[PDB]
Structure formats: C-alpha cells, structure tokens
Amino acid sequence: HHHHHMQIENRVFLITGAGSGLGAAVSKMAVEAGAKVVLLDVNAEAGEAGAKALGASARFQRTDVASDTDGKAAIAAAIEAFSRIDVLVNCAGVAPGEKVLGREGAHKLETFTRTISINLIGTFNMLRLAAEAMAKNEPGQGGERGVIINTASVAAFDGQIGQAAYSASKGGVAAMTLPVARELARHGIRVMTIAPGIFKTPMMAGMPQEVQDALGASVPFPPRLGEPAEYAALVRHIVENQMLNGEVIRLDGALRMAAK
C-alpha cells in the first residue's frame, strides 16, 4: 500500500464462468485476498462446489449471462448477500472452431449466433447491469465506484482458420472497452479488458497431453500453458492500479497465433 493504491480487501466481486478455469481462479484469488465473491455460472454443480470450498465469503447464483431476467436476479442476489457490487469480471465464454467453408457446407448461422450470444451479448448484459448497481455506490478512493473487467482473447488480433465466430465475438468485446469506459468515467467506474493467450482451461485439459505440450511449445516465453492464477493476478493488478482504464492487455507470453 502506497497513496493511490486501491485496496482489494472487502470489495464485492461478481464473477461469471466462475465454476471453472479463469473465473474459478479469480474467485479463489479474490476470497484469499480478503474480498467477497458472488459466483455466477450456468452449471449449478460446479458453482455450488466452488462456493462451498471457498466458504462464508462466497455465494453462488445460477445464471445464464445472456438472459435479461437471470442477469437481474444475479444483481439482486449479490446486493441481498453483500449490500453492494464493486467489481465485475466477465470470464464466461466459449471457444469453438468452425470453418466458413467446411466439409458439409457453409458455417452454420446458428453456431455463429450462439458464440456471439454467450461471449459478447452475455458480457454486455452483465456489464450494463453491474454498472447500474455500481453507480449507486458512494464514491470511494479517488472518486471510484467500481471496476469492470472483460475477457477477450488474442483471437481478437491473430484469429486462426476456423475462428471467425470466436474472433468476431472477442473483437467486439475488445472494441467496446473505450466507449463504455468513456461514459462510465462520469460515475467513477473503470472498464478494462484482458486478452489471454493459451491457458489451461477445461477445453485445454480435455485434449491429449502431447497436444497440450505442443501448444505450450508454440508460446515464445514462457513456453507453457498459462496458469489461471496468472490471469487472476492480472485482474488483481487492474483492481489495484487506478491508472489502468479503457485498455486491452494481451496476456500471452509473446504468442502470435499462426493461421494453422
């Protein structure tokens, strides 16, 4: 702690995709740093188990991030549990691969739409509602009322063959950062975006080991899969450092994804 350093203790985090991978690690980091967390996930089993393991500072609320009504209910539950919302972290996402021209014809419109719905619409939906709650907070240190962190992907910059939908959704997340920051600046709410490279996600851990090790060796340095706790450490830094706003930060070991 030095003068403009923002304290993490006792701040209330709302976190999506919190039952696994990135979101799980953020929830763990937050609780261990002395914060409150409300876990949101569409999977009840995983979410209940996480909140259970983290203890009294955690709650879980089943949530389809793309739903208006679920989004509200998630806000209401966070307020009822902990009285306020200080930080939103959007980690819910899917990363499918589908060619524009595949063996069985054109990319399905439905699958494109669905990727957009979960990754981009879902992010916007939680963002708009969290923001509305955060704006009711009393202005804190430096006039700050909240911090919103979204998750894009290096696919927003280096999209591979088969990632039209994924790149479109994550590019959309990245490009919203600024206009949203610009508005929410009036209320003291910062808006930031992290663009991860290759991390040990559930999809990743599903692959055979030789394939996992090969992805890792594609990353210049460190030549390994990123650890979810490293994504969480960056989230922490964004909460603590008040000068970080309206920016997209690549967390990717210098990776630039080839076409194949």
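Numbering starts at 1 and follows the sequence shown.
As listed in the deposited structure, the average C-alpha B-factor of 230-238 and of 48-56 is greater for 48-56. According to the PDB record, 93-101 carries the higher mean C-alpha B-factor of the two stretches 93-101 and 177-185. Highest CA B-factor among 80, 144, 86, 132, as stated in the entry: 80. Among 194, 204, 29, 191, the highest C-alpha B-factor recorded in the PDB entry belongs to 204. Sort the modelled residues of the chain by CA B factor and residue 156 lands in the middle third. Ranked by Cα temperature factor within the chain, residue 10 sits in the highest third according to the deposited record. Residue-level temperature factors show residue 258 in the middle third of its chain, judged at the C-alpha atom. Sort the chain's modelled residues by C-alpha temperature factor and residue 118 lands in the middle third, per the entry. Residue 72: CA B factor lies in the middle third for its chain, per the PDB record.
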